[PDB]
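Structure file query_10.csv (CSV, C-alpha atoms) follows.
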chain,number,residue,atom,x,y,z
A,1,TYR,CA,74.4,218.1,120.8
A,2,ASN,CA,75.0,220.0,117.5
A,3,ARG,CA,78.3,221.3,118.8
A,4,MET,CA,79.6,217.8,119.4
A,5,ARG,CA,78.4,216.5,116.1
A,6,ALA,CA,79.9,219.3,114.2
A,7,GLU,CA,83.3,218.9,115.9
A,8,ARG,CA,83.8,215.2,115.1
A,9,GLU,CA,82.4,215.7,111.6
A,10,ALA,CA,85.1,218.2,111.0
A,11,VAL,CA,87.6,215.6,112.2
A,12,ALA,CA,86.3,213.1,109.7
A,13,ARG,CA,86.5,215.6,106.9
A,14,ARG,CA,90.1,216.5,107.5
A,15,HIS,CA,91.1,212.9,107.5
A,16,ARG,CA,89.4,212.4,104.1
A,17,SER,CA,91.3,215.5,102.9
A,18,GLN,CA,94.7,214.1,103.5
A,19,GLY,CA,93.5,210.9,101.7
A,20,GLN,CA,92.5,212.6,98.5
A,21,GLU,CA,95.6,214.8,98.6
A,22,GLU,CA,98.0,211.9,98.4
A,23,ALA,CA,95.7,210.5,95.7
A,24,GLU,CA,96.4,213.3,93.2
A,25,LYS,CA,100.0,213.5,94.2
A,26,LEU,CA,100.6,210.0,92.9
A,27,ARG,CA,98.3,210.4,89.9
A,28,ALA,CA,100.5,213.2,88.6
A,29,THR,CA,103.8,211.2,88.6
A,30,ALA,CA,102.1,208.4,86.7
A,31,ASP,CA,101.4,210.7,83.8
A,32,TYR,CA,104.9,212.1,83.9
A,33,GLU,CA,106.3,208.6,83.4
A,34,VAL,CA,103.9,208.0,80.5
A,35,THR,CA,105.1,211.1,78.7
A,36,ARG,CA,108.8,210.3,79.2
A,37,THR,CA,108.2,206.8,77.8
A,38,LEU,CA,106.6,208.3,74.6
A,39,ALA,CA,109.3,210.9,74.1
A,40,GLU,CA,112.1,208.4,74.1
A,41,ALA,CA,110.5,206.4,71.3
A,42,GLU,CA,109.9,209.6,69.3
A,43,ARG,CA,113.7,210.3,69.4
A,44,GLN,CA,114.5,206.8,68.2
A,45,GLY,CA,112.0,207.1,65.3
A,46,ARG,CA,113.5,210.4,64.2
A,47,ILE,CA,117.0,208.8,64.1
A,48,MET,CA,115.8,205.9,61.9
A,49,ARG,CA,114.0,208.2,59.5
A,50,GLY,CA,117.2,210.3,59.2
A,51,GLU,CA,119.2,207.3,58.3
A,52,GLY,CA,116.8,206.2,55.6
A,53,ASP,CA,116.9,209.7,54.1
A,54,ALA,CA,120.7,209.8,54.0
A,55,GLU,CA,120.9,206.5,52.1
A,56,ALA,CA,118.2,207.5,49.6
B,1,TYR,CA,83.4,194.9,102.7
B,2,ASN,CA,84.0,197.6,100.1
B,3,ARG,CA,87.7,197.8,101.0
B,4,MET,CA,88.1,194.1,100.1
B,5,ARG,CA,86.1,194.6,96.9
B,6,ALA,CA,88.3,197.5,95.8
B,7,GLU,CA,91.5,195.6,96.3
B,8,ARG,CA,90.1,192.5,94.6
B,9,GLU,CA,88.9,194.4,91.5
B,10,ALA,CA,92.2,196.2,91.3
B,11,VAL,CA,94.1,192.9,91.0
B,12,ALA,CA,91.6,191.7,88.4
B,13,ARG,CA,92.0,194.7,86.1
B,14,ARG,CA,95.8,194.6,86.6
B,15,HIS,CA,95.8,191.1,85.0
B,16,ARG,CA,93.6,192.5,82.2
B,17,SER,CA,96.0,195.2,81.3
B,18,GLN,CA,99.1,193.0,81.7
B,19,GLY,CA,97.7,190.6,79.1
B,20,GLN,CA,96.6,193.3,76.7
B,21,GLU,CA,100.1,194.7,76.8
B,22,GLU,CA,102.0,191.9,75.1
B,23,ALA,CA,98.9,191.1,73.1
B,24,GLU,CA,99.2,194.5,71.4
B,25,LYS,CA,103.0,194.1,71.4
B,26,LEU,CA,102.9,191.1,69.0
B,27,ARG,CA,100.9,192.7,66.2
B,28,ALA,CA,103.7,195.1,65.3
B,29,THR,CA,106.0,192.4,63.9
B,30,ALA,CA,103.2,191.1,61.6
B,31,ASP,CA,102.6,194.6,60.3
B,32,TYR,CA,106.3,195.0,59.7
B,33,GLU,CA,106.6,191.8,57.7
B,34,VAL,CA,103.6,192.5,55.5
B,35,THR,CA,104.8,196.0,54.7
B,36,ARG,CA,108.3,194.7,53.8
B,37,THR,CA,107.0,192.0,51.5
B,38,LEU,CA,104.7,194.4,49.7
B,39,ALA,CA,107.6,196.9,49.2
B,40,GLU,CA,109.7,194.2,47.6
B,41,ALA,CA,106.8,193.4,45.2
B,42,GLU,CA,106.5,197.0,44.3
B,43,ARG,CA,110.2,197.3,43.5
B,44,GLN,CA,110.0,194.4,41.1
B,45,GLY,CA,106.9,195.7,39.4
B,46,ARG,CA,108.6,199.1,38.9
B,47,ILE,CA,111.7,197.5,37.3
B,48,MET,CA,109.8,195.6,34.7
B,49,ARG,CA,107.4,198.5,33.9
B,50,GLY,CA,110.6,200.4,33.1
B,51,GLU,CA,111.6,197.6,30.8
B,52,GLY,CA,108.3,198.0,28.9
B,53,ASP,CA,108.6,201.8,28.6
B,54,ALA,CA,112.2,201.7,27.4
B,55,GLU,CA,111.4,199.2,24.6
B,56,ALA,CA,108.3,201.3,23.6
C,1,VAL,CA,84.2,178.6,107.8
C,2,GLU,CA,82.3,175.5,108.8
C,3,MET,CA,83.2,172.0,110.1
C,4,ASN,CA,81.7,168.9,111.7
C,5,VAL,CA,82.4,166.6,114.7
C,6,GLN,CA,81.8,163.0,115.5
C,7,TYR,CA,81.7,161.9,119.1
C,8,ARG,CA,81.4,158.7,121.2
C,9,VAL,CA,80.7,157.9,124.8
C,10,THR,CA,82.9,155.6,126.8
C,11,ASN,CA,81.9,155.9,130.5
C,12,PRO,CA,78.1,156.5,130.8
C,13,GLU,CA,78.0,157.6,134.4
C,14,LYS,CA,80.2,160.6,133.7
C,15,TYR,CA,77.8,161.3,130.7
C,16,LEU,CA,74.9,161.3,133.1
C,17,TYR,CA,76.0,162.7,136.5
C,18,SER,CA,78.1,165.6,135.4
C,19,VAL,CA,77.6,168.8,133.4
C,20,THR,CA,74.1,168.5,132.0
C,21,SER,CA,72.6,168.5,128.5
C,22,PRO,CA,75.5,167.1,126.5
C,23,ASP,CA,75.0,168.5,123.0
C,24,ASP,CA,74.8,171.9,124.6
C,25,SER,CA,78.3,171.7,126.1
C,26,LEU,CA,79.7,170.0,123.0
C,27,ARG,CA,78.5,172.5,120.4
C,28,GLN,CA,78.8,175.5,122.6
C,29,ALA,CA,82.4,174.8,123.3
C,30,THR,CA,83.3,173.8,119.8
C,31,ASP,CA,82.4,177.3,118.6
C,32,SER,CA,85.0,178.8,120.9
C,33,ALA,CA,87.6,176.3,119.8
C,34,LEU,CA,86.9,177.1,116.2
C,35,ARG,CA,87.3,180.8,116.9
C,36,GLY,CA,90.6,180.0,118.6
C,37,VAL,CA,92.0,178.3,115.6
C,38,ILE,CA,90.6,180.6,112.9
C,39,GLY,CA,91.8,183.7,114.5
C,40,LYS,CA,95.6,183.9,113.9
C,41,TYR,CA,95.8,183.1,110.2
C,42,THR,CA,95.5,185.5,107.3
C,43,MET,CA,92.6,185.6,104.8
C,44,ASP,CA,94.6,184.2,101.9
C,45,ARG,CA,96.0,181.4,103.9
C,46,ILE,CA,92.6,180.4,105.2
C,47,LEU,CA,91.5,180.4,101.5
C,48,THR,CA,94.3,178.1,100.4
C,49,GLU,CA,95.3,175.7,103.1
C,50,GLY,CA,91.9,175.3,104.9
C,51,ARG,CA,92.2,171.5,105.0
C,52,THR,CA,95.7,170.8,106.5
C,53,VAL,CA,97.0,173.4,108.9
C,54,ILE,CA,93.9,174.4,110.8
C,55,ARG,CA,92.2,171.1,111.4
C,56,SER,CA,94.8,169.3,113.6
C,57,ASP,CA,95.1,172.5,115.7
C,58,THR,CA,91.3,172.6,116.2
C,59,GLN,CA,91.6,168.9,117.2
C,60,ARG,CA,94.2,169.6,119.9
C,61,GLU,CA,92.5,172.7,121.2
C,62,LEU,CA,89.0,171.2,121.4
C,63,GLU,CA,90.3,168.0,123.1
C,64,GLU,CA,92.2,170.2,125.6
C,65,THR,CA,89.2,172.4,126.4
C,66,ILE,CA,86.8,169.5,126.9
C,67,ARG,CA,89.3,168.0,129.4
C,68,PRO,CA,88.8,170.2,132.5
C,69,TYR,CA,85.0,169.9,132.4
C,70,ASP,CA,85.6,166.2,133.1
C,71,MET,CA,82.7,165.1,131.0
C,72,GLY,CA,82.7,161.6,129.3
C,73,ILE,CA,83.1,161.7,125.6
C,74,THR,CA,85.9,160.7,123.2
C,75,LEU,CA,86.3,162.5,119.9
C,76,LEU,CA,86.4,160.5,116.7
C,77,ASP,CA,87.8,163.2,114.5
C,78,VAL,CA,86.8,166.5,112.9
C,79,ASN,CA,86.3,166.8,109.1
C,80,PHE,CA,85.8,169.6,106.5
C,81,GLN,CA,82.4,169.0,104.8
C,82,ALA,CA,82.5,172.2,102.8
C,83,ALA,CA,84.6,175.4,102.5
C,84,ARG,CA,83.1,178.8,101.5
C,85,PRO,CA,85.4,181.5,102.9
C,86,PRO,CA,84.6,184.4,100.4
C,87,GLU,CA,81.6,186.2,102.1
C,88,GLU,CA,78.2,185.7,100.4
C,89,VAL,CA,77.9,189.5,100.0
C,90,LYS,CA,80.6,189.8,97.3
C,91,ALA,CA,81.4,186.3,96.1
C,92,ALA,CA,82.4,187.9,92.9
C,93,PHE,CA,85.9,186.7,92.6
C,94,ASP,CA,84.6,184.7,89.7
C,95,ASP,CA,85.7,187.7,87.7
C,96,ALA,CA,89.0,187.8,89.6
C,97,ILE,CA,89.7,184.1,88.9
C,98,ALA,CA,88.3,184.0,85.4
C,99,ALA,CA,90.6,187.0,84.7
C,100,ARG,CA,93.7,184.8,84.3
C,101,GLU,CA,92.2,182.5,81.7
C,102,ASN,CA,90.7,185.5,79.9
C,103,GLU,CA,94.2,187.0,80.0
C,104,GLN,CA,95.9,184.0,78.5
D,1,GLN,CA,91.0,202.7,100.0
D,2,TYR,CA,91.8,205.9,98.2
D,3,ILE,CA,95.5,205.2,98.6
D,4,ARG,CA,95.2,201.7,97.3
D,5,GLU,CA,93.1,202.8,94.3
D,6,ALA,CA,95.6,205.5,93.4
D,7,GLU,CA,98.6,203.2,93.7
D,8,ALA,CA,96.8,200.7,91.5
D,9,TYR,CA,96.2,203.2,88.8
D,10,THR,CA,100.0,203.4,87.9
D,11,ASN,CA,100.3,199.8,86.9
D,12,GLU,CA,97.1,200.0,84.9
D,13,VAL,CA,98.1,203.1,82.9
D,14,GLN,CA,101.8,202.5,82.2
D,15,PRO,CA,102.0,199.2,80.2
D,16,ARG,CA,99.7,200.7,77.6
D,17,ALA,CA,102.2,203.4,77.2
D,18,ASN,CA,104.9,200.7,76.6
D,19,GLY,CA,102.7,199.2,74.0
D,20,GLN,CA,102.2,202.5,72.2
D,21,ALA,CA,106.0,203.1,72.3
D,22,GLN,CA,106.7,199.7,70.6
D,23,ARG,CA,104.1,200.4,67.9
D,24,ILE,CA,105.7,203.8,67.2
D,25,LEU,CA,109.2,202.3,66.9
D,26,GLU,CA,108.1,199.5,64.6
D,27,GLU,CA,106.3,201.8,62.2
D,28,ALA,CA,109.4,204.0,62.2
D,29,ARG,CA,111.5,201.0,61.2
D,30,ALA,CA,109.1,200.0,58.4
D,31,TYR,CA,109.3,203.5,56.8
D,32,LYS,CA,113.0,203.1,56.1
D,33,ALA,CA,112.7,199.8,54.2
D,34,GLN,CA,109.8,201.2,52.2
D,35,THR,CA,111.7,204.4,51.2
D,36,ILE,CA,115.0,202.6,50.3
D,37,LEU,CA,113.2,200.0,48.1
D,38,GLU,CA,111.3,202.8,46.3
D,39,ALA,CA,114.5,204.7,45.7
D,40,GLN,CA,116.1,201.7,44.1
D,41,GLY,CA,113.1,201.2,41.9
D,42,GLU,CA,113.1,204.8,40.7
D,43,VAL,CA,116.9,204.8,39.9
D,44,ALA,CA,116.8,201.5,38.0
D,45,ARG,CA,113.7,202.6,36.0
D,46,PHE,CA,115.4,205.9,34.9
D,47,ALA,CA,118.8,204.3,34.1
D,48,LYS,CA,117.2,202.2,31.3
D,49,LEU,CA,115.2,205.0,29.8
D,50,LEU,CA,118.2,207.3,29.5
D,51,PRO,CA,120.0,205.2,26.7
D,52,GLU,CA,116.7,205.1,24.8
D,53,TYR,CA,117.1,208.8,24.7
Translate this structure into structure tokens?
Amino acid sequence: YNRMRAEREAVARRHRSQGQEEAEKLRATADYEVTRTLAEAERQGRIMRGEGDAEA
Amino acid sequence: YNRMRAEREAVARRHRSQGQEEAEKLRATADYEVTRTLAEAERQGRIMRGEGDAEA
Amino acid sequence: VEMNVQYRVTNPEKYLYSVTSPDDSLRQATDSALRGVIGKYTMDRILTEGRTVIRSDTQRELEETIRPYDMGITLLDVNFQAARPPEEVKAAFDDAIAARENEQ
Amino acid sequence: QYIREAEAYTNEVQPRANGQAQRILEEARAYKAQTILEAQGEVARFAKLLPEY
């Protein structure tokens, strides 16, 4: 009895493993996109500040 | 049951965030205008303080 | 999903000397017809168009299925007294539906 | 369920980043107007004091 139970419990665990794996794989790329979006605006702001300094 | 619940709460919080986005978007213009008008006022004040100092 | 039926007897002798205990046959075949209609359509569609698309089909299927039994009754119609498709366990789309107004 | 939750997290984390980006850009724009108006004020104030000297 215990043998059979352990076997199919292991099956269930491996399924849940692939699930969680794909979960973090997507979560990482989300944060990548966030950081790129912030960096672009940082560049733009630096440009504008430089223009103001030149005029002054 | 729980699967349904998860999908449904996900849609709800999606609408939450979608509104809050342009909600926060719109405040930047107001802050820009208030800063600009205060800067103009400061310019005029400096000009006429200079008048006073020169005559003194 | 829930519904309701109205029925009428034309030929009494078929109502007597045929399949016995009429309300048993009526109700206990209507359930099967209701399953037959409700099956094929998706959850959202059942939520939205519960009063047009499904009811005529349940009419046709129930009228068809009562035919071979050769009992004597003629259907008035079927109506939609109430609709409560979200299950009672988690009827908490009130948040999901109040979300749009809270967003606006 | 895990897959759906994960794929939902993207659209609930990214628009906030867009909002922050617009806030940053607007503040950057405001800085320029402030500094140029202040510079004009300072130059005009000094130009009148010099002939008093």
**Message:** Between atom CA of residue 19 of chain B and atom CA of residue 25 of chain A, what distance in Å does the model show, to one decimal?
**Reply:**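 Atom CA of residue 25 of chain A lies at a distance of 27.5 Å from atom CA of residue 19 of chain B.
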**Complete:** LSQ fit chain B -> chain A, all C-alpha atoms paired sequentially, RMSD 1.1 Å
**Request:** Taking all atoms listed in the file into account, report as a PyMOL selection string which residues of chain B lie within 10 Å of chain C.
**Result:** chain B and resi 1-2+4-5+8-20+23
**Item:** Residues near segment 42-47 of chain D, cut-off 8 Å, all atoms listed in the file, skip fewer than 4 positions along chain, as a VMD selection string
**Value:** (chain B and resid 46 to 47 49 to 51) or (chain D and resid 38 51)
Using only C-alpha atoms, please write the residues we just selected to a file, as a CSV table (one decimal), in the frame of the given file.
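File produced: result01.csv:
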chain,number,residue,atom,x,y,z
B,46,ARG,CA,108.6,199.1,38.9
B,47,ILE,CA,111.7,197.5,37.3
B,49,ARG,CA,107.4,198.5,33.9
B,50,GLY,CA,110.6,200.4,33.1
B,51,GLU,CA,111.6,197.6,30.8
D,38,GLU,CA,111.3,202.8,46.3
D,51,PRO,CA,120.0,205.2,26.7
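Taking all atoms listed in the file, the non-local environment of segment 15-18 of chain C within 8 Å (same-chain residues fewer than 5 positions away omitted) comprises residues 9, 70, 71, 72 and 73 of chain C.
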**Asked** How far is it from atom CA of residue 48 of chain B to atom CA of residue 30 of chain B, in Å with one decimal?
**Response** 28.1 Å
**Request:** Using all atoms listed in the file, determine which residues lie at most 8 Å from residue 25 of chain D, disregarding the query and same-chain residues fewer than 2 positions distant; provide the list as a ChimeraX atom specification.
**Result:** /A:41-42,44-45 /D:21-23,27-29
